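What follows is one chain in structure tokens, specifically the form deposited in one PDB entry.
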């Protein structure tokens, strides 16, 4: 669906309006033509209309097709690619490539196949062809879309229609971007409630981190804005409830998951952790209640309000933050730590997925923080029959008290962690490209949340008048529209194709 009044506000500007934007824009190849979907699209259209660039473009497309193809189709696709682009007599022979590069891509069947070739294709495209793009009408059209992207799109642009979750500080709504029809979730954090409980830093950290990360295993931020009452984060719609809910509340007499299902989630969570750790961000809040399912059954991590982004030269942070019983010993002992803490929380998360209780507490046990801290430091975890030898070994490797001994991020990746035999039946390629059929597909009829009639109301916040510092802070927060998700939306909903006209 759509609404035509808001749709009518999506129009491409005159060129003279784009002059300021052109001078202040980052012209990096990677940032413009590879990472930004409208940039990439316009760059490809440019390549498509200039014959000399056809081989490069088509090779690029055919590598991406090979990368995301079923295992059964791959050998044949590799044969066709080779014959089309890497045979010297072929119509679309890629003669710009180094002969060495061509000879290596003609050989082998290993998991690395065509990655080096792709790097050479993109390194070529980044030179003269990109320079021609910049001097073409397709680059100017990109500026028009960037101008449109930067226009005011706050609260009036969204139509809520249902509550998805809520906590102490506000609600998450399923909403609709009125112009395009795209379904999103909107986190509304109440201003007064946040001022009272000193929650500003957390709201800001999450917003910044979600704006700059782009991963299929982490919820994305598409817009950020304020209203009279709230600070609003418009993000990936996740309809399927959180993992805590699916452990305890769904099939109550069978709490916890079968092992294949828990392994799948674990793999998806690992992939999202890795994405953060490669960007030097420590999550610090991994737990079942912050892992969310979408409609297809795939999961994403969420709530980045406690995350730390390391600066260059900094390998560790420090401090008490997170949830009792997901916090690692190094953290509880007051030591500096890196990403290791997230993998300890991964262990606790998996334990709970299989066992339907924490590893440091009995069912329903509520203990003093100091007693819980002692158990985490000193008490060996025990595993019931529900754990297979591989489940158990993996948990043991993550719940290792010494961070140096714990499985995790090494040599810039989680590749070592992936060889653990727990994951022996996971095709990582298809996992990372979102191709694997999930183990549980949520029901469209069903609300995976607390019944609205059973939600405790919160008292009103009295006498928190807003000073200048609050209002200035609200304006910093409301940085508006995030480029990559906004471009994805325009393309997905057909607005791009509709407005990207030339000769109707």
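In this text, the rigid core denotes the largest set of C-alpha atoms whose superposition between the two forms falls within 1.5 Å. Residue numbers count along the first chain shown, from 1.
If you look for the form deposited in another entry, you will not find it shown, but the lines that follow are about it.
Aligning the rigid core between the shown form and the other one and inspecting 369, 115, 413, 95, the C-alpha positions shift by 2 Å or more at one residue, which is 369. Shown in the overlay between the shown form and the other one, fitted on the rigid core, is a CA shift at residue 164 of 2 Å or greater.
Taking 2 Å as the criterion, residue 195 counts as shifted between the shown form and the other one: its C-alpha moves by at least this amount when the rigid core is aligned.
For residue 173, a C-alpha deviation of 2 angstroms or more is recorded between the shown form and the other one after rigid-core alignment.
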